[PDB]
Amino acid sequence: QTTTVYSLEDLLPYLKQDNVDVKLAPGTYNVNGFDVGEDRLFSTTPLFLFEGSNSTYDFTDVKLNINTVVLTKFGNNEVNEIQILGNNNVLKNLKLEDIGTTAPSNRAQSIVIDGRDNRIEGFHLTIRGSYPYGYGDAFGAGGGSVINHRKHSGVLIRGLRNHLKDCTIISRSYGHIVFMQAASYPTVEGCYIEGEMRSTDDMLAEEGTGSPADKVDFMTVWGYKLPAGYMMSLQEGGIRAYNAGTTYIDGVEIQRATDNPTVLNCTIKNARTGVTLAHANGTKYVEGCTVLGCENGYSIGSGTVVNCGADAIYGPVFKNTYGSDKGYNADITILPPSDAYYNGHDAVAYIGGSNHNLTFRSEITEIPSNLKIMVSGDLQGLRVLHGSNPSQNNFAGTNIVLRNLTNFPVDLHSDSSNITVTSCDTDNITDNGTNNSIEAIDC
């Protein structure tokens, strides 16, 4: 009792219905500007609004191309390609691609998951169309921007017990790739998440062209001219949780923080951060992940990161978010470089807050001269130089267990205290803190 349909026009009615089992015939389906409007197939945004419950949709060998001009076809309103509002739905195997480079009139999300107990599996997403594209967040990702933005993010997970599984999410757009707002018990599992990078030196080479960055003389939102020597993502977070948001379950509007997020066996590459769950409440659990060439590896604030790896070519594998972080437990492998080193942060980890149990493993024997494990101190972080974002730099660290099973050096700043350090070698450890103990071990 599986119904097969052969066009987007024949598909749309089933999106309103409960308990359906629908298949969209293999093929390549184009949505264009001429397809959006009053008499046209799509008169409202979101384009594909899944309102029914207990339904399954098969998109095997479906290619769905959406021209980015569609993001300008609904006025000054947010545009979403896919939004799920019902419960207990399963969508599988869709290949979806944004065509062109037109930015939203307002902003856009490819996929938004409200409701409860939904699952998207096997999707292959390619996200395009945003402004500005090519600077990451250097000229603004929020209010008071130097260059006003019209962002386009990938998958927004909200709702309750919603599940993103075995998907591939490629972003070539300024926005988060996967993020969570007001999501309770979200799970991201088995996914490949990929952005692209650009050095600040390359951006600075736009001088004299009349580019948007040139017209503001490269003055960042952080308060200083864009510094040379860093690698940025052109995207925002790889997997990022927010401590607020709006979601809709059973028609009821809800405003709440993300809580109890789980991330399992994902690979994140070339994003501003691999996994950042520090703003979520509840239990944060990250296991089996691989983060390559991100500006920041893991920042969950408090919780567990276990059996995870990250390389350190563009930024630290580990960072505490604020000086108030408490109970971050982590076992992170520093992986072999996935590309040439270009790390202006001068750190493999920045540690502060209290009551952390931290283990770093690595087989690296060629240690770049600028890379070290920092407990407290003045991080040379791209966004925290010269007193900017001061709550995210220069904080104290106390009552922390640090197992340095690597050849990287450790610098314990004067603001650190009661740090118990276990290291392969103790000769490359600087201790300027109070009541810290340094004990060597074999291997």
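The numbering used is simple: start at 1 and walk along the sequence shown.
Mean C-alpha B-factor is higher over 362-370 than over the other stretch, the pair under comparison being 362-370 and 256-264. Checked against the record, the higher mean CA B factor of 321-329 and 69-77 lies with 69-77. Among the modelled residues of its chain, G143 has a C-alpha B-factor that falls in the middle third according to the deposited record. Looking at the C-alpha B-factors along this chain, the one for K63 belongs to the highest third. Remark: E236 belongs to the lowest third of its chain, ranked by C-alpha B-factor as recorded.
The deposited CA B-factor of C191 belongs to the middle third of values across its chain.
Sorting the modelled residues of the chain by their CA temperature factor places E121 in the middle third.
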